[PDB]
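File shown: work_33.txt (compact mmCIF, C-alpha atoms).
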# COMPACT_ATOMS: atom_id res chain seq x y z
CA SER A 1 9.87 -21.10 -1.59
CA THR A 2 7.00 -18.94 -2.80
CA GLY A 3 3.74 -17.52 -1.47
CA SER A 4 0.55 -16.32 -3.13
CA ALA A 5 -2.36 -14.59 -1.38
CA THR A 6 -5.50 -12.87 -2.58
CA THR A 7 -5.98 -9.23 -1.59
CA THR A 8 -9.53 -7.85 -1.38
CA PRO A 9 -10.85 -4.25 -1.34
CA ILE A 10 -12.32 -3.26 2.01
CA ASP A 11 -15.23 -1.35 0.47
CA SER A 12 -16.84 -0.37 -2.82
CA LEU A 13 -14.33 2.48 -3.38
CA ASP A 14 -11.12 0.42 -3.06
CA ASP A 15 -10.14 2.62 -0.11
CA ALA A 16 -7.66 -0.09 0.93
CA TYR A 17 -7.03 -3.81 0.45
CA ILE A 18 -6.81 -6.59 3.05
CA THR A 19 -4.86 -9.83 2.75
CA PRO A 20 -5.25 -12.77 5.16
CA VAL A 21 -2.17 -13.53 7.27
CA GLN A 22 -1.61 -16.52 9.59
CA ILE A 23 0.09 -15.64 12.91
CA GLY A 24 1.06 -18.04 15.68
CA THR A 25 0.47 -21.70 16.53
CA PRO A 26 -2.32 -22.71 16.11
CA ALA A 27 -2.80 -20.15 13.36
CA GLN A 28 -4.65 -16.94 14.14
CA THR A 29 -5.78 -15.40 10.84
CA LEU A 30 -5.87 -11.60 10.69
CA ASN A 31 -6.68 -9.42 7.66
CA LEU A 32 -3.78 -7.01 7.20
CA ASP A 33 -3.20 -3.96 5.00
CA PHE A 34 -0.03 -4.72 3.00
CA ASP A 35 1.81 -1.40 2.88
CA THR A 36 4.85 -0.85 0.62
CA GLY A 37 5.15 2.62 2.24
CA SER A 38 5.99 1.46 5.79
CA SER A 39 8.02 -1.24 7.48
CA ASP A 40 6.18 -2.42 10.62
CA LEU A 41 3.99 -5.51 10.90
CA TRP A 42 1.56 -4.54 13.66
CA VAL A 43 -1.75 -6.01 14.80
CA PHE A 44 -4.75 -5.34 16.95
CA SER A 45 -4.27 -7.64 19.91
CA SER A 46 -5.40 -8.81 23.35
CA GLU A 47 -3.26 -5.91 24.65
CA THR A 48 -5.06 -3.18 22.69
CA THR A 49 -7.00 -0.71 24.87
CA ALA A 50 -10.50 -2.18 24.89
CA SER A 51 -12.28 1.07 23.99
CA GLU A 52 -10.09 1.30 20.86
CA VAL A 53 -11.18 -2.09 19.47
CA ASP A 54 -14.47 -2.02 17.48
CA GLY A 55 -14.94 -5.20 15.44
CA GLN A 56 -11.35 -6.06 14.48
CA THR A 57 -9.94 -9.55 14.89
CA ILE A 58 -7.21 -9.58 17.53
CA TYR A 59 -3.98 -11.52 17.93
CA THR A 60 -3.71 -13.12 21.37
CA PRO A 61 -0.05 -14.06 21.94
CA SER A 62 -0.84 -16.04 25.07
CA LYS A 63 -2.75 -18.54 22.89
CA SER A 64 0.23 -19.08 20.56
CA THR A 65 2.74 -21.75 21.59
CA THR A 66 5.38 -20.12 19.34
CA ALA A 67 4.95 -16.52 20.58
CA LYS A 68 7.81 -15.06 22.61
CA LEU A 69 7.94 -11.57 24.09
CA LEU A 70 10.76 -9.52 22.56
CA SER A 71 11.94 -8.25 25.92
CA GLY A 72 12.23 -4.48 26.21
CA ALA A 73 11.14 -3.75 22.64
CA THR A 74 8.56 -1.06 21.91
CA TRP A 75 7.26 0.54 18.74
CA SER A 76 5.42 3.70 17.78
CA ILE A 77 4.45 4.85 14.30
CA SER A 78 2.69 7.81 12.68
CA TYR A 79 1.43 7.67 9.10
CA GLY A 80 1.06 10.32 6.43
CA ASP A 81 -2.69 10.56 7.05
CA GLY A 82 -2.12 11.53 10.69
CA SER A 83 -3.03 8.12 12.11
CA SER A 84 -0.84 6.30 14.62
CA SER A 85 -0.35 3.25 16.81
CA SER A 86 2.12 1.92 19.37
CA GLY A 87 2.82 -1.03 21.64
CA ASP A 88 5.19 -3.89 22.46
CA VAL A 89 6.65 -6.72 20.38
CA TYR A 90 6.51 -10.51 20.12
CA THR A 91 8.27 -12.86 17.76
CA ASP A 92 6.09 -15.56 16.20
CA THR A 93 5.54 -17.63 13.09
CA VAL A 94 3.87 -15.69 10.27
CA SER A 95 2.63 -17.18 7.00
CA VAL A 96 1.31 -15.39 3.89
CA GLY A 97 -0.22 -17.48 1.11
CA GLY A 98 1.76 -20.57 2.06
CA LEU A 99 5.09 -18.80 2.69
CA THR A 100 6.23 -19.11 6.32
CA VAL A 101 8.70 -16.98 8.31
CA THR A 102 9.71 -18.07 11.80
CA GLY A 103 10.79 -15.47 14.33
CA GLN A 104 8.97 -12.59 12.64
CA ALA A 105 8.54 -9.47 14.76
CA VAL A 106 4.79 -9.07 15.38
CA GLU A 107 4.15 -5.64 16.86
CA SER A 108 1.25 -5.80 19.29
CA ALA A 109 -0.79 -2.63 19.57
CA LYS A 110 -1.48 -1.21 22.99
CA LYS A 111 -2.92 2.01 21.50
CA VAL A 112 -4.37 2.87 18.08
CA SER A 113 -5.72 6.18 16.81
CA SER A 114 -9.37 6.73 16.00
CA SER A 115 -9.16 6.03 12.27
CA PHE A 116 -7.90 2.50 12.97
CA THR A 117 -10.60 1.87 15.58
CA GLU A 118 -13.25 3.17 13.16
CA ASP A 119 -12.18 0.74 10.39
CA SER A 120 -13.39 -2.67 11.52
CA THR A 121 -12.11 -4.38 8.35
CA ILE A 122 -8.36 -3.81 8.93
CA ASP A 123 -6.77 -5.89 11.69
CA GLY A 124 -3.29 -4.37 11.29
CA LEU A 125 -0.60 -3.50 8.75
CA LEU A 126 2.16 -5.56 7.12
CA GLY A 127 4.94 -3.24 6.01
CA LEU A 128 6.86 -3.94 2.82
CA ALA A 129 9.12 -0.88 2.51
CA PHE A 130 12.77 -1.18 3.53
CA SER A 131 13.62 -2.35 7.03
CA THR A 132 15.52 0.87 7.75
CA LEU A 133 12.07 2.46 8.40
CA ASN A 134 11.02 -0.09 11.04
CA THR A 135 10.16 1.68 14.30
CA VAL A 136 11.04 -1.02 16.87
CA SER A 137 13.36 0.22 19.62
CA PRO A 138 16.00 -0.38 20.86
CA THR A 139 16.62 -3.15 18.29
CA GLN A 140 15.16 -2.42 14.86
CA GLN A 141 13.35 -5.36 13.25
CA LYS A 142 13.13 -6.74 9.70
CA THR A 143 10.05 -6.83 7.50
CA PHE A 144 8.35 -10.07 6.52
CA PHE A 145 9.85 -9.76 3.03
CA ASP A 146 13.36 -9.14 4.35
CA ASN A 147 13.11 -12.20 6.59
CA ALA A 148 11.75 -14.41 3.80
CA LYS A 149 14.01 -13.12 1.01
CA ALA A 150 16.84 -15.65 1.33
CA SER A 151 14.38 -18.56 1.13
CA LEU A 152 12.46 -17.25 -1.88
CA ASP A 153 12.99 -18.71 -5.33
CA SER A 154 13.65 -15.14 -6.49
CA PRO A 155 14.04 -12.10 -4.16
CA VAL A 156 10.86 -10.36 -5.35
CA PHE A 157 7.25 -9.72 -4.51
CA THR A 158 4.51 -8.51 -6.84
CA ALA A 159 1.37 -6.43 -6.35
CA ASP A 160 -1.59 -7.01 -8.67
CA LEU A 161 -4.37 -4.89 -7.19
CA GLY A 162 -7.86 -5.11 -8.64
CA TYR A 163 -10.24 -2.33 -9.63
CA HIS A 164 -13.43 -2.98 -7.65
CA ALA A 165 -12.27 -6.61 -7.49
CA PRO A 166 -9.81 -8.90 -5.70
CA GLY A 167 -6.17 -9.13 -6.71
CA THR A 168 -2.99 -10.92 -5.67
CA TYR A 169 0.26 -10.49 -3.75
CA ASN A 170 2.90 -13.03 -4.81
CA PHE A 171 6.23 -13.66 -3.08
CA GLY A 172 9.26 -15.21 -4.73
CA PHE A 173 8.04 -15.49 -8.35
CA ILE A 174 6.65 -13.50 -11.27
CA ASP A 175 3.39 -14.89 -12.68
CA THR A 176 3.90 -14.39 -16.40
CA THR A 177 0.15 -14.99 -17.02
CA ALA A 178 -0.84 -11.99 -14.89
CA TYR A 179 0.21 -9.18 -17.25
CA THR A 180 0.25 -8.26 -20.93
CA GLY A 181 3.27 -7.23 -22.94
CA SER A 182 6.60 -6.90 -21.14
CA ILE A 183 7.65 -5.61 -17.72
CA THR A 184 9.61 -2.34 -17.78
CA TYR A 185 12.09 -2.02 -14.94
CA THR A 186 13.17 1.32 -13.47
CA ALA A 187 15.76 2.37 -10.89
CA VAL A 188 14.96 2.64 -7.17
CA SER A 189 16.49 4.85 -4.50
CA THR A 190 16.35 3.43 -0.97
CA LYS A 191 17.79 6.58 0.65
CA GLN A 192 14.43 7.46 2.25
CA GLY A 193 13.52 3.83 2.97
CA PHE A 194 10.81 3.76 0.28
CA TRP A 195 10.38 2.13 -3.13
CA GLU A 196 11.27 5.50 -4.63
CA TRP A 197 11.52 5.87 -8.42
CA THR A 198 11.25 8.52 -11.17
CA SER A 199 8.38 8.49 -13.66
CA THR A 200 9.22 9.85 -17.11
CA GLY A 201 6.07 11.95 -17.53
CA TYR A 202 2.33 11.94 -18.02
CA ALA A 203 -0.61 12.48 -20.33
CA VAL A 204 -4.22 13.51 -19.66
CA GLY A 205 -6.85 11.62 -21.65
CA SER A 206 -5.97 11.50 -25.36
CA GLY A 207 -3.58 14.43 -25.00
CA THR A 208 0.08 14.42 -25.88
CA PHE A 209 2.61 12.97 -23.47
CA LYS A 210 4.62 15.46 -21.42
CA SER A 211 8.16 14.28 -20.78
CA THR A 212 9.13 15.37 -17.27
CA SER A 213 10.74 13.58 -14.35
CA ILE A 214 8.43 12.89 -11.38
CA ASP A 215 10.13 11.38 -8.34
CA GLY A 216 7.73 9.42 -6.15
CA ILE A 217 7.07 6.27 -4.14
CA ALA A 218 5.20 3.08 -5.00
CA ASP A 219 2.88 2.88 -1.97
CA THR A 220 0.18 0.20 -1.73
CA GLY A 221 -0.84 1.67 1.64
CA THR A 222 -2.01 5.00 0.16
CA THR A 223 -5.38 5.06 -1.60
CA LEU A 224 -4.91 7.91 -4.08
CA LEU A 225 -2.37 9.24 -6.57
CA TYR A 226 -0.57 12.36 -5.24
CA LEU A 227 1.37 14.40 -7.81
CA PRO A 228 2.77 17.92 -8.22
CA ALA A 229 0.17 20.68 -8.34
CA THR A 230 1.03 21.52 -11.97
CA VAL A 231 0.21 17.98 -13.10
CA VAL A 232 -2.96 17.72 -11.01
CA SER A 233 -4.22 21.10 -12.28
CA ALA A 234 -3.67 19.99 -15.89
CA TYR A 235 -5.71 16.84 -15.20
CA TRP A 236 -8.71 18.49 -13.52
CA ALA A 237 -8.82 21.32 -16.06
CA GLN A 238 -10.15 18.67 -18.46
CA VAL A 239 -13.22 17.99 -16.26
CA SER A 240 -16.02 20.57 -16.50
CA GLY A 241 -16.87 21.91 -13.06
CA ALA A 242 -13.90 20.38 -11.25
CA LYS A 243 -12.32 22.54 -8.55
CA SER A 244 -10.00 22.38 -5.58
CA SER A 245 -12.05 22.73 -2.39
CA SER A 246 -10.19 23.76 0.76
CA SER A 247 -13.25 22.81 2.83
CA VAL A 248 -13.35 19.27 1.45
CA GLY A 249 -9.57 18.87 1.31
CA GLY A 250 -8.81 18.41 -2.39
CA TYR A 251 -10.17 18.36 -5.90
CA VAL A 252 -13.86 17.56 -6.32
CA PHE A 253 -15.87 17.20 -9.52
CA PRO A 254 -19.51 16.85 -10.58
CA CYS A 255 -20.61 13.27 -10.06
CA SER A 256 -22.29 13.54 -13.50
CA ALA A 257 -18.89 13.82 -15.21
CA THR A 258 -17.08 11.25 -17.32
CA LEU A 259 -13.46 11.37 -16.23
CA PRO A 260 -10.53 11.22 -18.66
CA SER A 261 -7.79 8.66 -18.26
CA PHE A 262 -4.35 9.51 -16.86
CA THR A 263 -1.16 8.02 -18.28
CA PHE A 264 2.17 7.85 -16.42
CA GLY A 265 5.56 6.95 -17.86
CA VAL A 266 7.86 4.13 -16.78
CA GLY A 267 10.94 4.58 -18.89
CA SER A 268 9.76 4.44 -22.50
CA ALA A 269 6.63 2.51 -21.47
CA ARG A 270 3.23 3.90 -20.50
CA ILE A 271 0.67 2.86 -17.87
CA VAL A 272 -2.90 4.05 -18.49
CA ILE A 273 -5.21 4.67 -15.52
CA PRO A 274 -8.82 4.55 -16.82
CA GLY A 275 -10.96 7.53 -15.85
CA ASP A 276 -13.30 5.39 -13.75
CA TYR A 277 -10.39 4.53 -11.42
CA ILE A 278 -10.17 8.23 -10.50
CA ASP A 279 -13.76 8.47 -9.18
CA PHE A 280 -13.99 8.17 -5.38
CA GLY A 281 -17.68 8.92 -5.17
CA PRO A 282 -19.77 11.46 -3.30
CA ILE A 283 -17.98 13.56 -0.70
CA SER A 284 -20.85 12.78 1.69
CA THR A 285 -23.80 10.45 1.30
CA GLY A 286 -26.19 11.75 -1.35
CA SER A 287 -23.98 14.61 -2.54
CA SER A 288 -23.56 15.35 -6.23
CA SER A 289 -19.97 16.48 -5.58
CA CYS A 290 -17.53 13.61 -6.05
CA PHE A 291 -14.00 13.26 -4.68
CA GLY A 292 -11.10 12.97 -7.11
CA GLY A 293 -8.57 10.16 -7.13
CA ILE A 294 -5.70 12.38 -8.28
CA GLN A 295 -4.70 15.00 -5.71
CA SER A 296 -1.86 17.45 -5.14
CA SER A 297 1.24 16.30 -3.24
CA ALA A 298 2.19 19.91 -2.47
CA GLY A 299 1.46 19.51 1.26
CA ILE A 300 3.12 16.09 1.64
CA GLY A 301 6.75 16.58 0.65
CA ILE A 302 6.76 13.56 -1.67
CA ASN A 303 4.81 12.31 -4.67
CA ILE A 304 2.88 9.10 -4.00
CA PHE A 305 1.95 6.45 -6.60
CA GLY A 306 -0.83 4.98 -4.48
CA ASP A 307 -3.46 2.38 -5.27
CA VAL A 308 -5.14 4.49 -7.99
CA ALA A 309 -1.95 4.19 -10.02
CA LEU A 310 -0.70 0.79 -8.91
CA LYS A 311 -3.95 -1.06 -9.58
CA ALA A 312 -3.64 -0.11 -13.28
CA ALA A 313 -0.44 -2.20 -13.47
CA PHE A 314 1.27 -5.41 -12.52
CA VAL A 315 4.05 -4.20 -10.22
CA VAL A 316 7.28 -6.02 -9.39
CA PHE A 317 9.10 -5.07 -6.18
CA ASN A 318 12.57 -6.45 -6.95
CA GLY A 319 14.57 -6.88 -3.74
CA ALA A 320 17.81 -7.93 -5.39
CA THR A 321 21.08 -6.46 -4.06
CA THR A 322 20.31 -3.37 -6.15
CA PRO A 323 16.51 -3.03 -5.86
CA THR A 324 14.38 -2.04 -8.85
CA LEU A 325 10.69 -1.66 -9.68
CA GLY A 326 8.93 -3.21 -12.66
CA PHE A 327 5.63 -2.16 -14.24
CA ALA A 328 3.53 -3.99 -16.83
CA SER A 329 0.11 -3.34 -18.24
CA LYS A 330 -2.51 -6.00 -17.56

Encoded form using structure tokens:
Amino acid sequence: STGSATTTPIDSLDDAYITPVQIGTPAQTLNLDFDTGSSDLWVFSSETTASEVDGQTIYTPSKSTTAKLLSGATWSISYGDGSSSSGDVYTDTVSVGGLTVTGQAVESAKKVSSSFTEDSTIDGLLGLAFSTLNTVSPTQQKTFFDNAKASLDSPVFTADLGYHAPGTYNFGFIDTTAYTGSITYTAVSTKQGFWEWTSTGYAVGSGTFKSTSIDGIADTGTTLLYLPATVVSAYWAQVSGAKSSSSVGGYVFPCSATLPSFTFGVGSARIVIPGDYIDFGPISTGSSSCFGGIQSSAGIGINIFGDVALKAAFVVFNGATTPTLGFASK
């Protein structure tokens, strides 16, 4: 089997991407944030505290003839941005782009933090990291990809995120028309539960490539590119007027600037992020100070290849017995 679904930016900045997902019988379609940095599929639901729902579409398990309460199971998750959610668990039929999994754990939110309530475009998350990170207790549950893997033509999914445009998540096949050149594969460590890999270095603009190992995660659920402070300083030093602002929470730059590109290494290959991808617009409406798309990881504990980086490539999440990542230009 295979699946193929279009993923669409939630706003004009590509702050996140939503992908339609069919849950239950008859289908209830929710727009979920596919997140290769976490491992829970959770949804706004008929059980979510009413004051914490503001425009989202909700899953109502009582209207699904295939929903079954997973007795005793609870979940609770906190994300790197400080947001959180928690609730109980059903199993139900879940389909993505024509690919169907029966008995998928669907985590029903009883509580969500303010940032989820405030984002009416995201109806939940669909985690695609390794199932060892799933938060369901007392019986940990498998991700949608883990459950579908055995049925897929090939044990892979791909992320092809667009810049200011829709893109695609494919399951079970590699669309050879979706990228240019060849795909370069690189080793993955699953020891932290992430799609964790080591980039071979970077360049700023037309500058020379610096060979240096940068361990980080491929995370479709993080908007920006978070790298060591040395790398980020070298980037922003090439932008007149750019500075790190403690009051804003990162590097800002004059909105009048033209940003240089940023290149990262995948083995001997190179992925180029155009400068425009690094512009996240005014810090507040009408401001001439703009927020940068490359930020320091120094306060995180891990480097994060988020959407800013991933949308410059066609990315293969290879879930073979020994997982690997593949990157191609496009």

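Taking atom CA of residue 276 of chain A and atom CA of residue 291 of chain A as the two end points, the separation is 12.0 Å.
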
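Across A:62, A:114, A:36, A:297, the tightest approach to residue 145 of chain A is made by A:36 when counting all atoms listed in the file.
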
Legend entry - Long-range neighbours of residue 64 of chain A as a VMD selection string, 7 Å cut-off, only C-alpha atoms, 4 positions minimum in chain: chain A and resid 24 to 26

Give me, as a PDB file with C-alpha atoms, in the frame of the given file, all polymer residues having an atom no more than 9 Å from residue 129 of chain A, counting all atoms listed in the file and skipping those fewer than 2 positions away in the same chain.
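Final output, out29.pdb:
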ATOM      1  CA  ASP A  35       1.810  -1.400   2.880  1.00  0.00           C
ATOM      2  CA  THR A  36       4.850  -0.850   0.620  1.00  0.00           C
ATOM      3  CA  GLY A  37       5.150   2.620   2.240  1.00  0.00           C
ATOM      4  CA  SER A  38       5.990   1.460   5.790  1.00  0.00           C
ATOM      5  CA  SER A  39       8.020  -1.240   7.480  1.00  0.00           C
ATOM      6  CA  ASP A  40       6.180  -2.420  10.620  1.00  0.00           C
ATOM      7  CA  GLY A 127       4.940  -3.240   6.010  1.00  0.00           C
ATOM      8  CA  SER A 131      13.620  -2.350   7.030  1.00  0.00           C
ATOM      9  CA  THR A 132      15.520   0.870   7.750  1.00  0.00           C
ATOM     10  CA  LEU A 133      12.070   2.460   8.400  1.00  0.00           C
ATOM     11  CA  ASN A 134      11.020  -0.090  11.040  1.00  0.00           C
ATOM     12  CA  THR A 143      10.050  -6.830   7.500  1.00  0.00           C
ATOM     13  CA  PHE A 145       9.850  -9.760   3.030  1.00  0.00           C
ATOM     14  CA  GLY A 193      13.520   3.830   2.970  1.00  0.00           C
ATOM     15  CA  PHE A 194      10.810   3.760   0.280  1.00  0.00           C
ATOM     16  CA  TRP A 195      10.380   2.130  -3.130  1.00  0.00           C
ATOM     17  CA  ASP A 219       2.880   2.880  -1.970  1.00  0.00           C
TER      18      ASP A 219
END

Nearest to residue 73 of chain A, restricted to all atoms listed in the file and choosing among A:294, A:259, A:106, A:99, comes out as A:106

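Straight-line separation from atom CA of residue 222 of chain A to atom CA of residue 207 of chain A: 26.9 Å.
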
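With all atoms listed in the file as the atoms that count, the minimum distance from residue 186 of chain A to the choices A:20, A:166, A:267, A:281 is reached by A:267.
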
Final N, CA, C and O atoms of segment 260-281 of chain A as a PDB file, keeping the file's coordinate frame:
ATOM      1  N   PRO A 260     -11.550  11.691 -17.722  1.00  0.00           N
ATOM      2  CA  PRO A 260     -10.530  11.220 -18.660  1.00  0.00           C
ATOM      3  C   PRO A 260      -9.535  10.308 -17.963  1.00  0.00           C
ATOM      4  O   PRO A 260      -9.377  10.332 -16.752  1.00  0.00           O
ATOM      5  N   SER A 261      -8.856   9.501 -18.766  1.00  0.00           N
ATOM      6  CA  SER A 261      -7.790   8.660 -18.260  1.00  0.00           C
ATOM      7  C   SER A 261      -6.567   9.513 -17.904  1.00  0.00           C
ATOM      8  O   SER A 261      -6.481  10.700 -18.223  1.00  0.00           O
ATOM      9  N   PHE A 262      -5.622   8.884 -17.209  1.00  0.00           N
ATOM     10  CA  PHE A 262      -4.350   9.510 -16.860  1.00  0.00           C
ATOM     11  C   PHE A 262      -3.253   8.498 -17.130  1.00  0.00           C
ATOM     12  O   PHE A 262      -3.323   7.364 -16.652  1.00  0.00           O
ATOM     13  N   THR A 263      -2.269   8.889 -17.927  1.00  0.00           N
ATOM     14  CA  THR A 263      -1.160   8.020 -18.280  1.00  0.00           C
ATOM     15  C   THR A 263       0.088   8.485 -17.533  1.00  0.00           C
ATOM     16  O   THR A 263       0.379   9.686 -17.501  1.00  0.00           O
ATOM     17  N   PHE A 264       0.848   7.537 -16.968  1.00  0.00           N
ATOM     18  CA  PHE A 264       2.170   7.850 -16.420  1.00  0.00           C
ATOM     19  C   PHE A 264       3.257   7.021 -17.106  1.00  0.00           C
ATOM     20  O   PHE A 264       3.019   5.904 -17.561  1.00  0.00           O
ATOM     21  N   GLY A 265       4.457   7.597 -17.181  1.00  0.00           N
ATOM     22  CA  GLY A 265       5.560   6.950 -17.860  1.00  0.00           C
ATOM     23  C   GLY A 265       6.428   6.129 -16.919  1.00  0.00           C
ATOM     24  O   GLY A 265       6.708   6.531 -15.788  1.00  0.00           O
ATOM     25  N   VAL A 266       6.862   4.974 -17.422  1.00  0.00           N
ATOM     26  CA  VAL A 266       7.860   4.130 -16.780  1.00  0.00           C
ATOM     27  C   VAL A 266       8.888   3.906 -17.868  1.00  0.00           C
ATOM     28  O   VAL A 266       8.651   3.129 -18.806  1.00  0.00           O
ATOM     29  N   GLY A 267      10.008   4.610 -17.782  1.00  0.00           N
ATOM     30  CA  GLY A 267      10.940   4.580 -18.890  1.00  0.00           C
ATOM     31  C   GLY A 267      10.222   4.968 -20.171  1.00  0.00           C
ATOM     32  O   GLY A 267       9.475   5.959 -20.216  1.00  0.00           O
ATOM     33  N   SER A 268      10.440   4.187 -21.234  1.00  0.00           N
ATOM     34  CA  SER A 268       9.760   4.440 -22.500  1.00  0.00           C
ATOM     35  C   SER A 268       8.352   3.863 -22.548  1.00  0.00           C
ATOM     36  O   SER A 268       7.635   4.094 -23.538  1.00  0.00           O
ATOM     37  N   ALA A 269       7.933   3.134 -21.518  1.00  0.00           N
ATOM     38  CA  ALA A 269       6.630   2.510 -21.470  1.00  0.00           C
ATOM     39  C   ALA A 269       5.601   3.438 -20.827  1.00  0.00           C
ATOM     40  O   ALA A 269       5.932   4.478 -20.249  1.00  0.00           O
ATOM     41  N   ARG A 270       4.331   3.058 -20.944  1.00  0.00           N
ATOM     42  CA  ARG A 270       3.230   3.900 -20.500  1.00  0.00           C
ATOM     43  C   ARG A 270       2.203   3.045 -19.782  1.00  0.00           C
ATOM     44  O   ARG A 270       1.827   1.981 -20.287  1.00  0.00           O
ATOM     45  N   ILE A 271       1.761   3.493 -18.600  1.00  0.00           N
ATOM     46  CA  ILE A 271       0.670   2.860 -17.870  1.00  0.00           C
ATOM     47  C   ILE A 271      -0.536   3.781 -17.904  1.00  0.00           C
ATOM     48  O   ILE A 271      -0.429   4.955 -17.531  1.00  0.00           O
ATOM     49  N   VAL A 272      -1.681   3.260 -18.354  1.00  0.00           N
ATOM     50  CA  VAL A 272      -2.900   4.050 -18.490  1.00  0.00           C
ATOM     51  C   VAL A 272      -3.864   3.736 -17.351  1.00  0.00           C
ATOM     52  O   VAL A 272      -4.295   2.585 -17.182  1.00  0.00           O
ATOM     53  N   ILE A 273      -4.201   4.763 -16.576  1.00  0.00           N
ATOM     54  CA  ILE A 273      -5.210   4.670 -15.520  1.00  0.00           C
ATOM     55  C   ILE A 273      -6.551   5.074 -16.134  1.00  0.00           C
ATOM     56  O   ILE A 273      -6.724   6.247 -16.486  1.00  0.00           O
ATOM     57  N   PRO A 274      -7.512   4.161 -16.270  1.00  0.00           N
ATOM     58  CA  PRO A 274      -8.820   4.550 -16.820  1.00  0.00           C
ATOM     59  C   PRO A 274      -9.495   5.592 -15.938  1.00  0.00           C
ATOM     60  O   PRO A 274      -9.308   5.624 -14.719  1.00  0.00           O
ATOM     61  N   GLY A 275     -10.306   6.445 -16.576  1.00  0.00           N
ATOM     62  CA  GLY A 275     -10.960   7.530 -15.850  1.00  0.00           C
ATOM     63  C   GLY A 275     -11.791   7.046 -14.676  1.00  0.00           C
ATOM     64  O   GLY A 275     -11.846   7.705 -13.641  1.00  0.00           O
ATOM     65  N   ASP A 276     -12.467   5.901 -14.834  1.00  0.00           N
ATOM     66  CA  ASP A 276     -13.300   5.390 -13.750  1.00  0.00           C
ATOM     67  C   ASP A 276     -12.494   5.159 -12.476  1.00  0.00           C
ATOM     68  O   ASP A 276     -13.035   5.290 -11.368  1.00  0.00           O
ATOM     69  N   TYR A 277     -11.206   4.817 -12.607  1.00  0.00           N
ATOM     70  CA  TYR A 277     -10.390   4.530 -11.420  1.00  0.00           C
ATOM     71  C   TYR A 277     -10.198   5.776 -10.569  1.00  0.00           C
ATOM     72  O   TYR A 277      -9.771   5.672  -9.421  1.00  0.00           O
ATOM     73  N   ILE A 278     -10.446   6.954 -11.144  1.00  0.00           N
ATOM     74  CA  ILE A 278     -10.170   8.230 -10.500  1.00  0.00           C
ATOM     75  C   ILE A 278     -11.404   8.768  -9.769  1.00  0.00           C
ATOM     76  O   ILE A 278     -11.341   9.828  -9.140  1.00  0.00           O
ATOM     77  N   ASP A 279     -12.525   8.054  -9.824  1.00  0.00           N
ATOM     78  CA  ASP A 279     -13.760   8.470  -9.180  1.00  0.00           C
ATOM     79  C   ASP A 279     -13.859   7.836  -7.794  1.00  0.00           C
ATOM     80  O   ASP A 279     -13.937   6.607  -7.671  1.00  0.00           O
ATOM     81  N   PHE A 280     -13.849   8.666  -6.745  1.00  0.00           N
ATOM     82  CA  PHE A 280     -13.990   8.170  -5.380  1.00  0.00           C
ATOM     83  C   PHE A 280     -15.328   8.548  -4.745  1.00  0.00           C
ATOM     84  O   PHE A 280     -15.495   8.451  -3.520  1.00  0.00           O
ATOM     85  N   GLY A 281     -16.302   8.881  -5.579  1.00  0.00           N
ATOM     86  CA  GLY A 281     -17.680   8.920  -5.170  1.00  0.00           C
ATOM     87  C   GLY A 281     -18.036  10.169  -4.394  1.00  0.00           C
ATOM     88  O   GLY A 281     -17.207  11.055  -4.161  1.00  0.00           O
TER      89      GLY A 281
END
